[PDB]
file model.cif (mmCIF, N, CA and C atoms)
data_coords
loop_
_atom_site.label_atom_id
_atom_site.label_comp_id
_atom_site.auth_asym_id
_atom_site.auth_seq_id
_atom_site.Cartn_x
_atom_site.Cartn_y
_atom_site.Cartn_z
N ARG C 1 0.81 -1.21 0.00
CA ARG C 1 0.00 0.00 0.00
C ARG C 1 0.84 1.27 0.00
N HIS C 2 2.13 1.16 0.33
CA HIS C 2 2.95 2.35 0.59
C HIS C 2 2.90 3.33 -0.57
N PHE C 3 3.09 2.86 -1.80
CA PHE C 3 3.04 3.79 -2.92
C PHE C 3 1.69 4.51 -2.97
N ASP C 4 0.59 3.75 -2.88
CA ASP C 4 -0.73 4.37 -2.85
C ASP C 4 -0.79 5.42 -1.74
N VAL C 5 -0.15 5.13 -0.61
CA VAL C 5 -0.08 6.10 0.47
C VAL C 5 0.68 7.34 0.02
N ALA C 6 1.89 7.15 -0.52
CA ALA C 6 2.78 8.29 -0.74
C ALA C 6 2.12 9.33 -1.62
N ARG C 7 1.62 8.92 -2.78
CA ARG C 7 0.90 9.84 -3.66
C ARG C 7 -0.12 10.65 -2.87
N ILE C 8 -0.99 9.95 -2.14
CA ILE C 8 -2.05 10.64 -1.42
C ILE C 8 -1.46 11.68 -0.48
N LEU C 9 -0.37 11.33 0.21
CA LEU C 9 0.26 12.29 1.09
C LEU C 9 0.80 13.47 0.30
N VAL C 10 1.52 13.19 -0.79
CA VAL C 10 2.16 14.26 -1.54
C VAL C 10 1.11 15.21 -2.11
N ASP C 11 0.11 14.65 -2.80
CA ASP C 11 -0.98 15.47 -3.33
C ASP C 11 -1.57 16.38 -2.27
N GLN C 12 -1.39 16.06 -0.99
CA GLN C 12 -1.83 16.94 0.08
C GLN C 12 -0.71 17.88 0.51
N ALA C 13 0.47 17.32 0.81
CA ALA C 13 1.53 18.11 1.43
C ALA C 13 1.96 19.27 0.54
N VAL C 14 2.14 19.02 -0.76
CA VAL C 14 2.67 20.04 -1.66
C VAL C 14 1.73 21.22 -1.82
N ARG C 15 0.41 20.98 -1.80
CA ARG C 15 -0.53 22.08 -1.96
C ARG C 15 -0.35 23.13 -0.87
N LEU C 16 0.16 22.71 0.29
CA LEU C 16 0.38 23.60 1.42
C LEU C 16 1.72 24.30 1.23
N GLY C 17 1.68 25.54 0.76
CA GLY C 17 2.91 26.29 0.61
C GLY C 17 3.84 25.65 -0.42
N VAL C 18 5.09 26.12 -0.40
CA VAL C 18 6.13 25.62 -1.28
C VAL C 18 7.46 25.71 -0.55
N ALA C 19 8.46 25.01 -1.09
CA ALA C 19 9.78 25.00 -0.48
C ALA C 19 10.57 26.23 -0.91
N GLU C 20 11.12 26.95 0.07
CA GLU C 20 11.92 28.14 -0.22
C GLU C 20 13.30 27.76 -0.74
N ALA C 21 13.88 26.68 -0.22
CA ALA C 21 15.20 26.26 -0.66
C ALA C 21 15.22 25.87 -2.13
N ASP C 22 14.04 25.62 -2.72
CA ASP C 22 13.98 25.28 -4.14
C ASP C 22 14.62 26.36 -4.99
N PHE C 23 14.54 27.62 -4.56
CA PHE C 23 15.06 28.74 -5.33
C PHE C 23 16.49 29.10 -4.96
N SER C 24 17.11 28.38 -4.02
CA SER C 24 18.51 28.60 -3.69
C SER C 24 19.45 28.00 -4.73
N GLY C 25 18.94 27.21 -5.67
CA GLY C 25 19.78 26.55 -6.65
C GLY C 25 20.43 25.28 -6.16
N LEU C 26 20.08 24.80 -4.97
CA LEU C 26 20.70 23.62 -4.39
C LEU C 26 19.73 22.45 -4.48
N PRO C 27 20.00 21.43 -5.28
CA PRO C 27 19.06 20.30 -5.38
C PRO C 27 18.89 19.59 -4.04
N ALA C 28 17.67 19.12 -3.80
CA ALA C 28 17.40 18.29 -2.63
C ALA C 28 17.89 16.87 -2.86
N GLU C 29 18.10 16.15 -1.77
CA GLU C 29 18.61 14.79 -1.83
C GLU C 29 17.46 13.78 -1.72
N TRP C 30 17.77 12.54 -2.10
CA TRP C 30 16.78 11.46 -2.11
C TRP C 30 16.77 10.80 -0.73
N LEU C 31 16.06 11.43 0.20
CA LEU C 31 15.94 10.89 1.54
C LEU C 31 15.12 9.61 1.52
N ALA C 32 15.64 8.57 2.16
CA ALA C 32 14.87 7.35 2.32
C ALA C 32 13.72 7.58 3.30
N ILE C 33 12.60 6.91 3.04
CA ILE C 33 11.41 7.05 3.87
C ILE C 33 10.89 5.71 4.38
N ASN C 34 11.50 4.60 3.99
CA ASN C 34 11.10 3.29 4.47
C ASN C 34 12.17 2.29 4.05
N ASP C 35 11.94 1.03 4.38
CA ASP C 35 12.79 -0.05 3.91
C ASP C 35 12.44 -0.42 2.48
N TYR C 36 13.18 -1.37 1.90
CA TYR C 36 12.99 -1.86 0.54
C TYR C 36 13.48 -0.87 -0.52
N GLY C 37 13.88 0.33 -0.12
CA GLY C 37 14.60 1.21 -1.02
C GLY C 37 13.85 2.44 -1.50
N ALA C 38 12.66 2.69 -0.98
CA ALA C 38 11.89 3.84 -1.43
C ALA C 38 12.59 5.13 -1.03
N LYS C 39 12.54 6.12 -1.92
CA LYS C 39 13.22 7.39 -1.72
C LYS C 39 12.31 8.54 -2.12
N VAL C 40 12.59 9.71 -1.56
CA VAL C 40 11.84 10.93 -1.83
C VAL C 40 12.81 12.09 -1.97
N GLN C 41 12.72 12.82 -3.07
CA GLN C 41 13.45 14.08 -3.24
C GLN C 41 12.51 15.21 -2.88
N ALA C 42 12.86 15.96 -1.84
CA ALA C 42 11.97 17.01 -1.35
C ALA C 42 12.76 18.06 -0.59
N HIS C 43 12.56 19.32 -0.95
CA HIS C 43 12.98 20.43 -0.11
C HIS C 43 11.95 20.66 0.98
N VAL C 44 12.41 21.17 2.12
CA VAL C 44 11.51 21.42 3.24
C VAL C 44 10.55 22.54 2.87
N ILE C 45 9.25 22.26 2.95
CA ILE C 45 8.25 23.28 2.69
C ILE C 45 8.30 24.31 3.81
N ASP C 46 8.48 25.57 3.45
CA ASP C 46 8.67 26.64 4.43
C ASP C 46 7.71 27.80 4.25
N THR C 47 7.36 28.14 3.01
CA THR C 47 6.56 29.33 2.72
C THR C 47 5.12 28.89 2.43
N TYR C 48 4.24 29.09 3.41
CA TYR C 48 2.81 28.88 3.21
C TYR C 48 2.12 30.21 2.92
N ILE E 1 27.67 -2.71 -25.17
CA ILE E 1 27.63 -2.99 -23.71
C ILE E 1 27.82 -1.69 -22.94
N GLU E 2 27.26 -1.64 -21.73
CA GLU E 2 27.38 -0.48 -20.86
C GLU E 2 26.91 0.78 -21.59
N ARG E 3 25.64 0.75 -21.98
CA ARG E 3 25.05 1.87 -22.69
C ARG E 3 25.09 3.12 -21.82
N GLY E 4 25.46 4.24 -22.43
CA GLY E 4 25.42 5.50 -21.72
C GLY E 4 23.99 5.90 -21.39
N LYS E 5 23.84 6.69 -20.33
CA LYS E 5 22.53 7.05 -19.81
C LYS E 5 22.45 8.55 -19.55
N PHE E 6 21.31 9.13 -19.89
CA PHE E 6 20.96 10.47 -19.43
C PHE E 6 20.64 10.40 -17.95
N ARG E 7 21.32 11.22 -17.15
CA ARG E 7 21.15 11.17 -15.71
C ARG E 7 20.33 12.33 -15.16
N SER E 8 20.49 13.53 -15.71
CA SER E 8 19.80 14.69 -15.17
C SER E 8 19.47 15.67 -16.28
N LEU E 9 18.39 16.41 -16.05
CA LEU E 9 17.95 17.49 -16.93
C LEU E 9 17.76 18.74 -16.08
N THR E 10 18.15 19.89 -16.61
CA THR E 10 18.11 21.14 -15.85
C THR E 10 17.44 22.23 -16.67
N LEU E 11 16.52 22.95 -16.03
CA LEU E 11 15.83 24.09 -16.62
C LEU E 11 16.12 25.33 -15.78
N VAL E 12 16.66 26.37 -16.42
CA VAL E 12 17.08 27.57 -15.72
C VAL E 12 16.26 28.75 -16.22
N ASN E 13 15.64 29.47 -15.29
CA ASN E 13 14.93 30.70 -15.60
C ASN E 13 13.83 30.46 -16.64
N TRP E 14 13.29 29.25 -16.65
CA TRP E 14 12.16 28.94 -17.51
C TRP E 14 10.85 29.25 -16.78
N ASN E 15 9.81 29.51 -17.56
CA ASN E 15 8.50 29.75 -16.98
C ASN E 15 8.04 28.52 -16.21
N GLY E 16 7.89 28.68 -14.90
CA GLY E 16 7.57 27.57 -14.02
C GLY E 16 8.78 26.84 -13.47
N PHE E 17 9.98 27.10 -14.02
CA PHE E 17 11.21 26.41 -13.61
C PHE E 17 12.35 27.43 -13.61
N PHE E 18 12.62 27.99 -12.42
CA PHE E 18 13.72 28.94 -12.31
C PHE E 18 15.06 28.23 -12.23
N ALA E 19 15.17 27.22 -11.37
CA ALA E 19 16.40 26.44 -11.24
C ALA E 19 16.06 24.96 -11.08
N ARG E 20 15.16 24.46 -11.91
CA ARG E 20 14.66 23.10 -11.74
C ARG E 20 15.65 22.07 -12.25
N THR E 21 15.69 20.93 -11.58
CA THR E 21 16.43 19.77 -12.05
C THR E 21 15.58 18.52 -11.85
N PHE E 22 15.65 17.62 -12.83
CA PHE E 22 15.02 16.31 -12.76
C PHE E 22 16.09 15.25 -12.92
N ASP E 23 16.15 14.33 -11.96
CA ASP E 23 17.08 13.21 -12.03
C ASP E 23 16.47 12.15 -12.94
N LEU E 24 17.09 11.92 -14.09
CA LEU E 24 16.50 11.09 -15.12
C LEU E 24 16.68 9.61 -14.77
N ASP E 25 15.56 8.92 -14.59
CA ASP E 25 15.60 7.50 -14.29
C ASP E 25 16.33 6.73 -15.38
N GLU E 26 16.76 5.52 -15.04
CA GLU E 26 17.42 4.66 -16.01
C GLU E 26 16.44 4.04 -17.00
N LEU E 27 15.20 3.78 -16.57
CA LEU E 27 14.21 3.15 -17.43
C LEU E 27 12.92 3.94 -17.51
N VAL E 28 12.49 4.53 -16.40
CA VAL E 28 11.16 5.12 -16.28
C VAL E 28 11.30 6.43 -15.51
N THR E 29 11.26 7.55 -16.22
CA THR E 29 11.18 8.87 -15.60
C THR E 29 9.81 9.44 -15.93
N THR E 30 8.85 9.29 -15.01
CA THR E 30 7.48 9.71 -15.23
C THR E 30 7.24 11.02 -14.48
N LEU E 31 6.79 12.04 -15.20
CA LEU E 31 6.49 13.35 -14.64
C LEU E 31 4.98 13.57 -14.74
N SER E 32 4.33 13.79 -13.60
CA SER E 32 2.88 13.89 -13.59
C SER E 32 2.45 15.01 -12.65
N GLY E 33 1.29 15.58 -12.95
CA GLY E 33 0.73 16.63 -12.14
C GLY E 33 -0.65 16.99 -12.62
N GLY E 34 -1.11 18.17 -12.21
CA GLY E 34 -2.34 18.71 -12.75
C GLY E 34 -2.14 19.21 -14.16
N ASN E 35 -3.25 19.38 -14.87
CA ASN E 35 -3.19 19.88 -16.23
C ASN E 35 -2.58 21.28 -16.24
N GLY E 36 -1.81 21.57 -17.29
CA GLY E 36 -1.15 22.85 -17.41
C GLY E 36 0.03 23.04 -16.48
N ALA E 37 0.54 21.97 -15.87
CA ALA E 37 1.62 22.05 -14.90
C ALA E 37 2.98 22.37 -15.52
N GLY E 38 3.05 22.69 -16.82
CA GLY E 38 4.33 22.87 -17.47
C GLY E 38 4.98 21.59 -17.92
N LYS E 39 4.26 20.47 -17.84
CA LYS E 39 4.79 19.18 -18.24
C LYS E 39 5.34 19.24 -19.67
N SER E 40 4.52 19.73 -20.59
CA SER E 40 4.97 19.94 -21.96
C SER E 40 6.19 20.85 -21.99
N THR E 41 6.24 21.83 -21.08
CA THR E 41 7.42 22.69 -21.01
C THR E 41 8.66 21.89 -20.63
N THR E 42 8.52 20.88 -19.78
CA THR E 42 9.67 20.05 -19.43
C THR E 42 10.17 19.26 -20.63
N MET E 43 9.26 18.56 -21.32
CA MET E 43 9.70 17.85 -22.52
C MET E 43 10.31 18.82 -23.53
N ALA E 44 9.73 20.02 -23.63
CA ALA E 44 10.25 21.02 -24.55
C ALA E 44 11.66 21.42 -24.18
N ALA E 45 11.91 21.60 -22.88
CA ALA E 45 13.26 21.95 -22.44
C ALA E 45 14.25 20.87 -22.85
N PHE E 46 13.90 19.61 -22.61
CA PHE E 46 14.81 18.55 -23.03
C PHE E 46 15.08 18.63 -24.53
N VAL E 47 14.01 18.65 -25.33
CA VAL E 47 14.20 18.53 -26.77
C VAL E 47 14.96 19.72 -27.33
N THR E 48 14.66 20.93 -26.87
CA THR E 48 15.42 22.09 -27.31
C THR E 48 16.87 22.02 -26.85
N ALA E 49 17.15 21.35 -25.72
CA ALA E 49 18.53 21.07 -25.37
C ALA E 49 19.17 20.12 -26.37
N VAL H 1 29.53 13.91 -19.05
CA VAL H 1 29.51 15.02 -20.00
C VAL H 1 28.22 15.79 -19.80
N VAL H 2 28.34 17.09 -19.57
CA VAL H 2 27.19 17.97 -19.53
C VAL H 2 27.07 18.63 -20.89
N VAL H 3 25.86 18.73 -21.40
CA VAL H 3 25.58 19.48 -22.61
C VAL H 3 24.48 20.47 -22.26
N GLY H 4 24.40 21.57 -22.99
CA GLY H 4 23.38 22.54 -22.65
C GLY H 4 23.24 23.60 -23.72
N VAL H 5 22.22 24.43 -23.54
CA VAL H 5 21.93 25.53 -24.45
C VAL H 5 21.50 26.73 -23.63
N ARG H 6 22.09 27.88 -23.94
CA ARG H 6 21.62 29.17 -23.46
C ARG H 6 20.50 29.65 -24.37
N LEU H 7 19.50 30.29 -23.77
CA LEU H 7 18.34 30.81 -24.48
C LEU H 7 18.07 32.24 -24.04
N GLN H 8 17.54 33.05 -24.95
CA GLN H 8 17.21 34.43 -24.63
C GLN H 8 16.01 34.88 -25.46
N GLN H 9 15.03 35.47 -24.78
CA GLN H 9 13.88 36.06 -25.46
C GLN H 9 14.31 37.29 -26.26
N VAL H 10 14.25 37.20 -27.59
CA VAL H 10 14.65 38.32 -28.43
C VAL H 10 13.50 39.32 -28.50
N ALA H 11 13.80 40.57 -28.14
CA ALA H 11 12.77 41.60 -28.12
C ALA H 11 12.22 41.84 -29.52
N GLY H 12 10.93 42.14 -29.58
CA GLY H 12 10.29 42.45 -30.84
C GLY H 12 8.82 42.11 -30.81
N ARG H 13 8.13 42.53 -31.88
CA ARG H 13 6.72 42.21 -32.01
C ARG H 13 6.51 40.70 -32.08
N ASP H 14 7.31 40.02 -32.90
CA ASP H 14 7.29 38.56 -32.94
C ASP H 14 8.06 38.00 -31.75
N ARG H 15 7.48 36.99 -31.11
CA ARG H 15 8.03 36.43 -29.87
C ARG H 15 9.18 35.48 -30.22
N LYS H 16 10.31 36.08 -30.60
CA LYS H 16 11.47 35.35 -31.08
C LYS H 16 12.36 34.91 -29.93
N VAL H 17 13.23 33.94 -30.21
CA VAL H 17 14.18 33.42 -29.24
C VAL H 17 15.52 33.18 -29.92
N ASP H 18 16.59 33.38 -29.16
CA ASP H 18 17.96 33.15 -29.61
C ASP H 18 18.57 32.05 -28.75
N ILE H 19 19.30 31.13 -29.38
CA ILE H 19 19.83 29.95 -28.71
C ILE H 19 21.32 29.82 -29.00
N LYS H 20 22.05 29.24 -28.06
CA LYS H 20 23.49 29.02 -28.19
C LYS H 20 23.88 27.72 -27.50
N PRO H 21 24.39 26.71 -28.21
CA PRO H 21 24.76 25.45 -27.56
C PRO H 21 26.12 25.52 -26.88
N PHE H 22 26.37 24.52 -26.03
CA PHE H 22 27.65 24.40 -25.34
C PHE H 22 27.75 23.02 -24.71
N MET H 23 28.99 22.66 -24.36
CA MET H 23 29.28 21.37 -23.75
C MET H 23 30.35 21.55 -22.68
N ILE H 24 30.37 20.63 -21.72
CA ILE H 24 31.34 20.64 -20.64
C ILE H 24 31.73 19.20 -20.35
N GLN H 25 33.02 18.97 -20.14
CA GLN H 25 33.55 17.65 -19.83
C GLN H 25 34.49 17.74 -18.65
N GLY H 26 34.65 16.61 -17.95
CA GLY H 26 35.53 16.55 -16.81
C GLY H 26 34.98 17.16 -15.54
N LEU H 27 33.71 17.53 -15.53
CA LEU H 27 33.13 18.13 -14.33
C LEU H 27 33.17 17.12 -13.18
N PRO H 28 33.46 17.56 -11.96
CA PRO H 28 33.39 16.63 -10.82
C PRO H 28 32.00 16.03 -10.69
N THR H 29 31.95 14.74 -10.37
CA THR H 29 30.66 14.07 -10.23
C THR H 29 29.79 14.72 -9.16
N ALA H 30 30.39 15.45 -8.23
CA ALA H 30 29.62 16.05 -7.15
C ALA H 30 28.82 17.25 -7.63
N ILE H 31 29.42 18.10 -8.46
CA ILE H 31 28.82 19.39 -8.77
C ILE H 31 27.61 19.19 -9.66
N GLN H 32 26.46 19.77 -9.26
CA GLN H 32 25.22 19.70 -10.01
C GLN H 32 25.17 20.81 -11.05
N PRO H 33 24.41 20.62 -12.13
CA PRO H 33 24.33 21.68 -13.15
C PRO H 33 23.81 23.00 -12.60
N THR H 34 22.85 22.96 -11.68
CA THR H 34 22.26 24.20 -11.18
C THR H 34 23.31 25.08 -10.52
N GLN H 35 24.21 24.47 -9.74
CA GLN H 35 25.25 25.24 -9.08
C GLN H 35 26.11 25.98 -10.09
N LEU H 36 26.52 25.29 -11.16
CA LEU H 36 27.40 25.90 -12.15
C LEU H 36 26.74 27.11 -12.80
N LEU H 37 25.47 26.99 -13.16
CA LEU H 37 24.76 28.06 -13.84
C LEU H 37 24.17 29.10 -12.90
N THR H 38 24.03 28.79 -11.62
CA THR H 38 23.40 29.69 -10.67
C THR H 38 24.41 30.14 -9.62
N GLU H 39 24.36 31.43 -9.31
CA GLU H 39 25.18 32.01 -8.26
C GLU H 39 24.31 32.18 -7.02
N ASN H 40 24.66 31.47 -5.95
CA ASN H 40 23.90 31.56 -4.71
C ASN H 40 24.24 32.85 -3.99
N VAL H 41 23.84 33.98 -4.57
CA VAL H 41 24.11 35.29 -4.01
C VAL H 41 23.44 35.40 -2.65
N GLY H 42 23.81 36.42 -1.87
CA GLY H 42 23.23 36.60 -0.56
C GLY H 42 21.73 36.81 -0.57
N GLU H 43 21.14 37.07 -1.74
CA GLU H 43 19.70 37.20 -1.84
C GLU H 43 19.02 35.85 -1.64
N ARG H 44 17.73 35.90 -1.31
CA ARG H 44 16.97 34.67 -1.09
C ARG H 44 16.97 33.80 -2.34
N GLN H 45 16.85 34.41 -3.51
CA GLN H 45 16.71 33.70 -4.77
C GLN H 45 18.01 33.82 -5.56
N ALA H 46 18.55 32.68 -5.99
CA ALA H 46 19.86 32.67 -6.63
C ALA H 46 19.80 33.30 -8.01
N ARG H 47 20.94 33.82 -8.45
CA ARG H 47 21.09 34.44 -9.75
C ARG H 47 21.44 33.39 -10.80
N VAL H 48 21.15 33.72 -12.06
CA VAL H 48 21.55 32.91 -13.21
C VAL H 48 22.62 33.68 -13.97
N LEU H 49 23.74 33.02 -14.25
CA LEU H 49 24.88 33.76 -14.76
C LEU H 49 25.06 33.55 -16.26
N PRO H 50 25.38 34.62 -17.01
CA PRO H 50 25.58 34.49 -18.46
C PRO H 50 26.67 33.49 -18.80
#
call {"tool": "encode", "arguments": {"input": "model.cif", "output": "structure tokens"}}
result
Amino acid sequence: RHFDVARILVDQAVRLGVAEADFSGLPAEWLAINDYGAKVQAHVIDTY
Amino acid sequence: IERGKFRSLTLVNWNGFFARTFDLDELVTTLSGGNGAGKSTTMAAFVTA
Amino acid sequence: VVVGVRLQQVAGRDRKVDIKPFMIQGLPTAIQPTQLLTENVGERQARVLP
């Protein structure tokens, strides 16, 4: 179910503000979020 | 053997993409969003590159 | 190997564009393309360098 979960979370989380570091020119890293190898590239959302 | 691979694509000062980068998958790089999200603009950036 | 193109909106009634290709080799595997093209000036939003 995890993938089905992740989309649903993202479709929610991203609508809330945006990441300010996105405009610093520094790419975000692929932080792991579970076992089996799943990864997420995301800057911290700061500006709502 | 050992085919070369596109690894990353970068869009600078583009409409919707000021300093955007996409890490290009080895087999499947799927970009999805709402309609009008600049998706066509991303493919356009690649092809014009 | 990094490859790329500079683009510029050419002023005029017709919405023209000017393009210039370029290539780079030997770049350290660490450095990302955005860093090379963008100057992380003291401003909140980084600059894009000619």
call {"tool": "atom_distance", "arguments": {"input": "model.cif", "atom1": "atom N of residue 23 in chain C", "atom2": "CA of residue 17 in chain E"}}
result
9.7 Å
call {"tool": "resolve_selection", "arguments": {"input": "model.cif", "expression": "the PyMOL selection byres ((chain H and resi 4) around 5)", "output": "JSON, numbers by chain"}}
result
{"H": [2, 3, 5, 6, 21, 22, 23]}
call {"tool": "write_last_selection", "arguments": {"input": "model.cif", "atoms": "N, CA and C atoms", "output": "tab-separated table (two decimals), in the frame of the given file"}}
result
chain	number	residue	atom	x	y	z
H	2	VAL	N	28.34	17.09	-19.57
H	2	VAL	CA	27.19	17.97	-19.53
H	2	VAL	C	27.07	18.63	-20.89
H	3	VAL	N	25.86	18.73	-21.40
H	3	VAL	CA	25.58	19.48	-22.61
H	3	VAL	C	24.48	20.47	-22.26
H	5	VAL	N	22.22	24.43	-23.54
H	5	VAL	CA	21.93	25.53	-24.45
H	5	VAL	C	21.50	26.73	-23.63
H	6	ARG	N	22.09	27.88	-23.94
H	6	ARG	CA	21.62	29.17	-23.46
H	6	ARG	C	20.50	29.65	-24.37
H	21	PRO	N	24.39	26.71	-28.21
H	21	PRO	CA	24.76	25.45	-27.56
H	21	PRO	C	26.12	25.52	-26.88
H	22	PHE	N	26.37	24.52	-26.03
H	22	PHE	CA	27.65	24.40	-25.34
H	22	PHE	C	27.75	23.02	-24.71
H	23	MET	N	28.99	22.66	-24.36
H	23	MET	CA	29.28	21.37	-23.75
H	23	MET	C	30.35	21.55	-22.68
call {"tool": "closest_atom_pairs", "arguments": {"input": "model.cif", "of": "chain H", "to": "chain C", "cutoff": "7 Å", "atoms": "only N, CA and C atoms", "output": "CSV"}}
result
residue,atom,partner,partner_atom,distance
H:34,C,C:25,C,5.2
H:35,N,C:25,C,5.3
H:38,CA,C:25,CA,6.3
H:39,C,C:24,C,6.8
H:40,CA,C:24,C,5.7
H:44,C,C:23,C,5.4
H:45,CA,C:23,C,4.6
H:46,N,C:23,C,4.3
call {"tool": "write_last_selection", "arguments": {"input": "model.cif", "atoms": "N, CA and C atoms", "output": "short mmCIF file (atom, residue, chain, number, x, y, z; two decimals), keeping the file's coordinate frame"}}
result
data_model
loop_
_atom_site.label_atom_id
_atom_site.label_comp_id
_atom_site.auth_asym_id
_atom_site.auth_seq_id
_atom_site.Cartn_x
_atom_site.Cartn_y
_atom_site.Cartn_z
N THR H 34 22.85 22.96 -11.68
CA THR H 34 22.26 24.20 -11.18
C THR H 34 23.31 25.08 -10.52
N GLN H 35 24.21 24.47 -9.74
CA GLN H 35 25.25 25.24 -9.08
C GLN H 35 26.11 25.98 -10.09
N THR H 38 24.03 28.79 -11.62
CA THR H 38 23.40 29.69 -10.67
C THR H 38 24.41 30.14 -9.62
N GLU H 39 24.36 31.43 -9.31
CA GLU H 39 25.18 32.01 -8.26
C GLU H 39 24.31 32.18 -7.02
N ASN H 40 24.66 31.47 -5.95
CA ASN H 40 23.90 31.56 -4.71
C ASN H 40 24.24 32.85 -3.99
N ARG H 44 17.73 35.90 -1.31
CA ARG H 44 16.97 34.67 -1.09
C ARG H 44 16.97 33.80 -2.34
N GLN H 45 16.85 34.41 -3.51
CA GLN H 45 16.71 33.70 -4.77
C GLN H 45 18.01 33.82 -5.56
N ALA H 46 18.55 32.68 -5.99
CA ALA H 46 19.86 32.67 -6.63
C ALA H 46 19.80 33.30 -8.01
#
call {"tool": "select_by_dssp", "arguments": {"input": "model.cif", "residues": "chain E", "states": "alpha helix (DSSP H)", "output": "JSON, numbers by chain"}}
result
{"E": [39, 40, 41, 42, 43, 44, 45, 46, 47, 48]}
call {"tool": "interface_residues", "arguments": {"input": "model.cif", "of": "chain E", "to": "chain H", "cutoff": "7 Å", "atoms": "only N, CA and C atoms", "output": "ChimeraX atom specification"}}
result
/E:10,19,48-49
call {"tool": "closest_residue", "arguments": {"input": "model.cif", "among": "E:21, E:30, E:41, E:35", "to": "chain C", "atoms": "all atoms listed in the file"}}
result
E:21
call {"tool": "select_by_dssp", "arguments": {"input": "model.cif", "residues": "chain C", "states": "strand (DSSP E)", "output": "JSON, numbers by chain"}}
result
{"C": [18, 19, 30, 31, 32, 39, 40, 41, 45, 46, 47]}
call {"tool": "closest_residue", "arguments": {"input": "model.cif", "among": "E:37, E:1, E:43, E:9", "to": "residue 22 in chain E", "atoms": "all atoms listed in the file"}}
result
E:9
call {"tool": "residues_around", "arguments": {"input": "model.cif", "residues": "residue 23 in chain E", "least_positions_apart": "6", "cutoff": "7 Å", "atoms": "only N, CA and C atoms", "output": "PDB file with N, CA and C atoms, in the coordinates of the input"}}
result
ATOM      1  N   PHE E   6      21.310   9.130 -19.890  1.00  0.00           N
ATOM      2  CA  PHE E   6      20.960  10.470 -19.430  1.00  0.00           C
ATOM      3  C   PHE E   6      20.640  10.400 -17.950  1.00  0.00           C
ATOM      4  N   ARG E   7      21.320  11.220 -17.150  1.00  0.00           N
ATOM      5  CA  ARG E   7      21.150  11.170 -15.710  1.00  0.00           C
ATOM      6  C   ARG E   7      20.330  12.330 -15.160  1.00  0.00           C
ATOM      7  N   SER E   8      20.490  13.530 -15.710  1.00  0.00           N
ATOM      8  CA  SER E   8      19.800  14.690 -15.170  1.00  0.00           C
ATOM      9  C   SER E   8      19.470  15.670 -16.280  1.00  0.00           C
ATOM     10  N   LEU E   9      18.390  16.410 -16.050  1.00  0.00           N
ATOM     11  CA  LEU E   9      17.950  17.490 -16.930  1.00  0.00           C
ATOM     12  C   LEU E   9      17.760  18.740 -16.080  1.00  0.00           C
ATOM     13  N   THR E  29      11.260   7.550 -16.220  1.00  0.00           N
ATOM     14  CA  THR E  29      11.180   8.870 -15.600  1.00  0.00           C
ATOM     15  C   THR E  29       9.810   9.440 -15.930  1.00  0.00           C
TER      16      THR E  29
END
call {"tool": "atom_distance", "arguments": {"input": "model.cif", "atom1": "atom N of residue 12 in chain C", "atom2": "CA of residue 45 in chain C"}}
result
12.6 Å
call {"tool": "residues_near_point", "arguments": {"input": "model.cif", "point": "(5.4, 25.8, -0.7)", "cutoff": "6 Å", "atoms": "all atoms listed in the file", "output": "list in words"}}
result
residues 14, 16, 17, 18, 19, 20, 45, 46, 47 and 48 of chain C
call {"tool": "write_last_selection", "arguments": {"input": "model.cif", "atoms": "N, CA and C atoms", "output": "short mmCIF file (atom, residue, chain, number, x, y, z; two decimals), in the frame of the given file"}}
result
data_model
loop_
_atom_site.label_atom_id
_atom_site.label_comp_id
_atom_site.auth_asym_id
_atom_site.auth_seq_id
_atom_site.Cartn_x
_atom_site.Cartn_y
_atom_site.Cartn_z
N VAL C 14 2.14 19.02 -0.76
CA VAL C 14 2.67 20.04 -1.66
C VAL C 14 1.73 21.22 -1.82
N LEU C 16 0.16 22.71 0.29
CA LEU C 16 0.38 23.60 1.42
C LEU C 16 1.72 24.30 1.23
N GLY C 17 1.68 25.54 0.76
CA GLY C 17 2.91 26.29 0.61
C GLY C 17 3.84 25.65 -0.42
N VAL C 18 5.09 26.12 -0.40
CA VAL C 18 6.13 25.62 -1.28
C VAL C 18 7.46 25.71 -0.55
N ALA C 19 8.46 25.01 -1.09
CA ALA C 19 9.78 25.00 -0.48
C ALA C 19 10.57 26.23 -0.91
N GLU C 20 11.12 26.95 0.07
CA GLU C 20 11.92 28.14 -0.22
C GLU C 20 13.30 27.76 -0.74
N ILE C 45 9.25 22.26 2.95
CA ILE C 45 8.25 23.28 2.69
C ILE C 45 8.30 24.31 3.81
N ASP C 46 8.48 25.57 3.45
CA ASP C 46 8.67 26.64 4.43
C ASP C 46 7.71 27.80 4.25
N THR C 47 7.36 28.14 3.01
CA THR C 47 6.56 29.33 2.72
C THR C 47 5.12 28.89 2.43
N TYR C 48 4.24 29.09 3.41
CA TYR C 48 2.81 28.88 3.21
C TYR C 48 2.12 30.21 2.92
#
call {"tool": "atom_distance", "arguments": {"input": "model.cif", "atom1": "atom N of residue 39 in chain E", "atom2": "atom C of residue 12 in chain E"}}
result
14.7 Å
call {"tool": "residues_around", "arguments": {"input": "model.cif", "residues": "residue 40 in chain C", "least_positions_apart": "6", "cutoff": "7 Å", "atoms": "only N, CA and C atoms", "output": "ChimeraX atom specification"}}
result
/C:29-33
